[PDB]
């Protein structure tokens, strides 16, 4: 579905811009797909303005696709994103953790399972340590150990937590030889540099594009015929300029402008980074507001307007090494009674 695809890319760039704003010089790693999926799952239970604000915030156009088509599109996408080969492992899961006695509508639990693959796990949130273990263990299992403490603090009066995780592990089509990894300078700025393990490949032909107008070089390293890593290298002191040009339109132009080119040498650091975020401020900035206030309408969940979002958290990791890449993320939407 090109409609889902376009919305999800637009949302990714909107989120990226606001994550950078938190701390413009820090490393960033996140899964926009995880966050889109988690919020689309939430919208299954939302009505009226709460609903339209979520779907519009996710960059969907409700005049061109209905709510039902959006959920059908997520259902299809999720079924595609659970796959395994010798070259690529991908998993994505959704779950709900619910106070046991909370009455949920059958339509919601049926739809959550059918559309989002979500079970419902009975959770005693007043035993906060046990509830956090149940949730964190689910994310740890789904991410094969890579995300283990998504939930740090959790209100003892929580009613529900909706969770999405994504796991990705892939081999490069052209792996780096570890014998060619050496300590080399990495310029944090023109005047600040440290030594890092720098992988290298020689005499390789890959998709390449020099964007002189944006002062950046773009290359693509494949994992399979469908999954790839697009790298964007701004010239020195042009990172902020390139960031200012990012959009779906610009990314598509990068892809459309790639051409195979012979590369004498490619140098890429071996690295592993991790970030975690609270997304409340960003989601409010993106127009998702009623879900956080006493005006919230999540009555598709319970049959009353008795729930609202309290906290949205996201954690993501990215590990790049000679043989390939591993990346994982998870998103939790914590919900209180009202």
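Positions refer to the first chain, counted from 1.
Higher average CA B factor: 299-307, of the stretches 30-38 and 299-307.
A summary of the deposited B-factors shows that, of 241-249 and 223-231, the stretch with the larger mean C-alpha value is 223-231.
Within the selection 261, 185, 132, 114, the deposited Cα B-factor values reach their highest point at 261.
Ranking 67, 53, 281, 276 by Cα temperature factor from the entry places 67 first.
When the modelled residues of the chain are ordered by their C-alpha B factor, residue 336 lands in the middle third. For residue 10, the recorded CA B-factor ranks within the lowest third of the chain. Only modelled residues enter the ranking. Sorting the modelled residues of the chain by their CA temperature factor places residue 323 in the highest third. When the CA B factors of the chain's modelled residues are split into thirds, the value for residue 313 lands in the lowest one.
Sort the chain's modelled residues by C-alpha temperature factor and residue 159 lands in the lowest third, per the entry.
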